[PDB]
């Protein structure tokens, strides 16, 4: 019996920032007066693009006030143009409490869509930039022993350029920026750049701008108190191809960009995905800890090497990572296994939900029971699992995968 997934309209994107659809404005080897202050970086990144144009709504949010989203983006540009005229650039920028910002800051069964699998495939790929330093993974106080060191360097080589790792660092940056603003600027609608940092294949340091968030008032007394925010993220993805993915967004067309491509130079429209959203102190603390995804994934690999090692009365680290008893690798390479485990850990973090917690525990129970019947040859457990298959894309996709592990 395969699990029954729900019927209904396709599920929609619900992460805190864009994943496969993001777009970066970037500055190489940055060195302007104030390199390392988010606002200065963001402006220098904005100054690298000359294709801006009069923005308009191309995919409206069906349940919000689309003129207010438009006005909020035009306000961001207008207030950044103001900083261009102030002699000293300030360290932070508090937006005017306009009617559009006050409104935007607050002052059902869904079937499985194909985009979430595509998102997961993209998260497993390699980018052309590295996102972590060589000794990033780990917290140890002492120098690490020789075997642990070898394992960490092999694993880091495989995941440092991984797209899942860019999501980790992107998520760590924005969650740190927002939580700091949440208490350093409680009464302000602070403009908060979405920044990441990477090193190219030639060693060049690069600073990237994905867009902006504007936080609401944040008098966060406890871990569960909510700070609302508005996110505005560049993208080359035309939202009119998969409109169901963007149910929660108003999408603007805000410029045109010249690109290298397989057909040579091409001009493509640039979009801005805008939605309102919220987070809590506890969720931002968790978002600051996303580098533990790297550690949790490494430890799953170290578990497999420990198994093979205690079987051969010998350390199997070199033999595992160099692919030397097994005569292949199902995913295709050891690198893909590392990046698939990483991607699972990152998406569990980016798409955390009670639905995910139930399905994770309850489907493990159904698995062990099925494995014990397959090697050696329930209606209430099946219900506890399917009570978590409601509308969450990550959970629905993991259930789709579970059915495949059932048919085999």
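Positions refer to the first chain, counted from 1. Under this definition, the rigid core comprises the largest set of C-alpha atoms superposing within 1.5 Å between the forms.
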- Query: Do the Cα atoms of 81 to 89 stray more than those of 155 to 163 in 8 other deposited structures of this protein, or is it the other way round, with the core held fixed?
  - Reply: 81 to 89
- Does a third or more of the other compared entries skip modelling residue 34? yes
- Query: Does residue 378 have no coordinates in at least a third of the other PDB entries examined?
  - Reply: yes
- Count of coordinate-less deposited residues separating residue 107 and residue 108, as none, 1 to 3, 4 to 9, or 10 or more? 10 or more
- Can you tell me which stretch has the higher mean Cα B-factor, 277 to 285 or 149 to 157? 149 to 157
- Which is higher in the entry, the mean Cα B factor of 359 to 367 or that of 29 to 37? 29 to 37
- Note on the structure: Note to self: of 166, 139, 247, 313, the C-alpha temperature factor tops out at 313
- Query: Taking the values straight from the PDB record, which of 11, 390, 397, 20 has the highest C-alpha temperature factor?
  - Reply: 390
- Item | Record-listed C-alpha B factor of residue 377: chain third | highest
- Item | Assigned third (lowest, middle, highest) for the C-alpha B factor of residue 268 | middle
- Item | Cα B factor band for residue 261 (lowest, middle or highest third within the chain) | highest
- Ranked C-alpha temperature factor of residue 255 among modelled chain residues, by third: lowest
- Task: Name the third of the chain's ranked CA B-factors that contains residue 51, choosing lowest, middle or highest.
- Result: middle
